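**Q** Sharing a structure here in structure tokens format.
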Amino acid sequence: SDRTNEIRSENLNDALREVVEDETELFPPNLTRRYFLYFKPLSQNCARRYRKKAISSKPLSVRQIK
Amino acid sequence: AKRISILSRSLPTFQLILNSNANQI
């Protein structure tokens, strides 16, 4: 808001946004998030219904992981 | 000039050329 006002001051509504965006320094997305994101494997029950092969919910030993 | 181009629509450093009318050694 500050820089939009100051840019309107000298009088050098779309390109104004692209000017302000580049002219200013802001906090990036990461330092304003507060949530975490995880993935839940593909269930075998669901993969056997729509006819798909679930590589994810298949368990594995420690030797088999190459 | 950066603002002027963006609002009036790869810019190198601009050259300053000085012209004067004063004492001459």
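Chain labels follow the order of the structure tokens: the first chain is A, the next B, and so on; residue numbering restarts at 1 in every chain, and ligands are counted from 1 in their shown order.
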Using only C-alpha atoms, find each residue of chain A with at least one atom at most 8 Å away from an atom of chain B; report its shortest atom-to-atom pair and that distance in Å (one decimal), sort the rows by chain and rising residue number, and return the result as a Markdown table.
**A**
| residue | atom | partner | partner_atom | distance |
| --- | --- | --- | --- | --- |
| A:12 | CA | B:4 | CA | 6.7 |
| A:15 | CA | B:7 | CA | 6.1 |
| A:16 | CA | B:7 | CA | 7.1 |
| A:19 | CA | B:6 | CA | 6.9 |
**Q** Quick one: residues within 10 Å of residue A:43, only C-alpha atoms, excluding same-chain residues fewer than 4 positions away - as a PDB file with C-alpha atoms, in the first residue's frame?
**A**
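Below is the file around.pdb, written as the result:
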ATOM      1  CA  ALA A  47      -6.428 -50.095  -5.887  1.00  0.00           C
ATOM      2  CA  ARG A  48      -8.190 -53.454  -6.215  1.00  0.00           C
ATOM      3  CA  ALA A  54      -0.440 -50.237  -5.733  1.00  0.00           C
ATOM      4  CA  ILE A  55       3.347 -50.135  -5.509  1.00  0.00           C
ATOM      5  CA  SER A  56       3.080 -47.895  -2.437  1.00  0.00           C
ATOM      6  CA  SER A  57       0.984 -49.973   0.082  1.00  0.00           C
ATOM      7  CA  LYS A  58       3.032 -53.102  -0.730  1.00  0.00           C
TER       8      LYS A  58
END
**Q** Based on the backbone DSSP call, show me all residues of chain A assigned helix (DSSP H, G or I), as a list in words.
**A** residues 2, 3, 4, 5, 6, 7, 8, 9, 10, 15, 16, 17, 18, 19, 20, 21, 22, 23, 30, 31, 32, 44, 45, 46, 47, 48 and 49 of chain A
**Q** One decimal, Å: what's the distance from atom CA of residue A:21 over to atom CA of residue A:5, could you say?
**A**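 Atom-to-atom, atom CA of residue A:21 and atom CA of residue A:5 are spaced 13.6 Å apart.
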**Q** Provide the atom CA of residue A:42 to atom CA of residue A:59 distance in Å, to one decimal place.
**A**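 Rounded to one decimal, the two atoms are 11.8 Å apart.
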**Q** Do you have the atom CA of residue A:6-atom CA of residue A:32 distance handy?
**A** 26.1 Å
